[PDB]
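Visitor: Take this structure, written in structure tokens, and hold onto it; I'll ask about it next.
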Amino acid sequence: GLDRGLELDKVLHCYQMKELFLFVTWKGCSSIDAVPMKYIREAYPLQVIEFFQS
Amino acid sequence: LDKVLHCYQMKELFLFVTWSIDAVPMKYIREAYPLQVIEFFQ
Amino acid sequence: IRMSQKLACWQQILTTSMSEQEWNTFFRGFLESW
Amino acid sequence: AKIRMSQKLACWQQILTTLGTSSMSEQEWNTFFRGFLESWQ
């Protein structure tokens, strides 16, 4: 799985296509996942805005 | 400001808002109307 | 939403060098983003 | 940022899976893939 029911660790990077993708790590995981913006932004709407503001 | 319609990232993140549709850095719109922004994001 | 409007927004974003093919491809991803 | 290319590819593969290959022509996919690479840069 790519959304593996873990807690968000970081938002490392992003890339805008037809969909916006966030490249995020999870807590304990060591791997980076591409996750569509919409999903992550409903799930963790605050750490996202943090990522784009700072 | 009434609606936040959509958003796109190029250099900054941009919101497309109405009060014509305009494109504005989310930062700017956020400080002014933080509610509608966090609400849009969720 | 009207295509002219979306276009005005894509140009508003771009204003704040691409190839001709890049520009077109990215702009189309831009439209289906909506 | 000093991310390893295996991780970048794992991401690209996740991208292809999310959108679906049939979503674009190969020309399109390539242009975006080249953008995806210069992205980390």
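A note on labels: chains of the structure tokens are A, B, ... as shown, every chain counts residues from 1, and ligands are counted from 1 in their shown order.
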Considering only C-alpha atoms, give me a table of residues in segment 1-40 of chain A that are at most 9 Å from segment 5-24 of chain B, with the closest atom pair and distance in Å for each, as a tab-separated table.
Guide:
residue	atom	partner	partner_atom	distance
A:14	CA	B:9	CA	8.6
A:15	CA	B:9	CA	7.8
A:16	CA	B:9	CA	5.9
A:19	CA	B:8	CA	8.9
A:20	CA	B:9	CA	7.3
Visitor: Dump C-alpha atoms for the selected residues as a short mmCIF file (atom, residue, chain, number, x, y, z; two decimals), in the first residue's frame?
Guide:
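Here's the written file selection.cif:
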data_model
loop_
_atom_site.label_atom_id
_atom_site.label_comp_id
_atom_site.auth_asym_id
_atom_site.auth_seq_id
_atom_site.Cartn_x
_atom_site.Cartn_y
_atom_site.Cartn_z
CA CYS A 14 5.71 18.53 -4.38
CA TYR A 15 5.07 18.21 -8.14
CA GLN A 16 2.17 19.66 -10.07
CA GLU A 19 -3.07 16.48 -10.06
CA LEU A 20 -0.79 18.03 -7.49
#
Visitor: Please find the residues of chain A near chain D - the criterion being any atom within 8 Å, counting only C-alpha atoms - and write them as a ChimeraX atom specification.
Guide: /A:2,13,15,17,23,31-34
Visitor: Might you pull out every residue within 9 Å of residue 29 of chain C, with only C-alpha atoms counted and same-chain residues fewer than 2 positions away left off, and present them as a list in words?
Guide: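 Counting only C-alpha atoms, the residues come to residues 16, 17, 18 and 19 of chain A; 24, 25, 26, 27, 31, 32, 33 and 34 of chain C.
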Visitor: From the set A:9, A:40, A:28, A:45, which residue has the shortest atom-to-atom contact distance to chain B, counting only C-alpha atoms?
Guide: A:45
Visitor: Please determine, counting only C-alpha atoms, which residue among A:46, A:52, A:41, A:8 has the shortest atom-to-atom distance to residue 29 of chain A.
Guide: A:8
Visitor: Output the contact residues of chain B with respect to chain A at a cut-off of 6 Å, based on only C-alpha atoms, as a PyMOL selection string.
Guide: chain B and resi 9+27+41-42
Visitor: Got time to write the residues from that selection, N, CA and C atoms, as a PDB file, in the first residue's frame?
Guide:
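Listing of result15.pdb after writing:
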ATOM      1  N   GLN B   9      -0.141  24.702  -8.036  1.00  0.00           N
ATOM      2  CA  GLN B   9       1.252  25.039  -7.716  1.00  0.00           C
ATOM      3  C   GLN B   9       2.108  25.259  -8.968  1.00  0.00           C
ATOM      4  N   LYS B  27      -0.559  32.385   0.319  1.00  0.00           N
ATOM      5  CA  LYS B  27      -0.032  33.090   1.487  1.00  0.00           C
ATOM      6  C   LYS B  27      -0.805  34.386   1.768  1.00  0.00           C
ATOM      7  N   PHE B  41      -8.877  24.017   2.197  1.00  0.00           N
ATOM      8  CA  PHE B  41      -7.957  22.896   2.279  1.00  0.00           C
ATOM      9  C   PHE B  41      -8.600  21.639   2.877  1.00  0.00           C
ATOM     10  N   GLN B  42      -9.592  21.792   3.756  1.00  0.00           N
ATOM     11  CA  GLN B  42     -10.334  20.617   4.226  1.00  0.00           C
ATOM     12  C   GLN B  42     -11.750  20.541   3.636  1.00  0.00           C
TER      13      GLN B  42
END
Visitor: Hey, what does DSSP flag as alpha helix (DSSP H) within chain D? Can you give it to me as JSON, numbers by chain?
Guide: {"D": [5, 6, 7, 8, 9, 10, 11, 12, 13, 14, 15, 16, 17, 18, 19, 26, 27, 28, 29, 30, 31, 32, 33, 34, 35, 36, 37, 38, 39, 40]}
Visitor: Output the contact residues of chain C with respect to chain B at a cut-off of 7 Å, based on only C-alpha atoms, as a PyMOL selection string.
Guide: chain C and resi 5+9+12-13
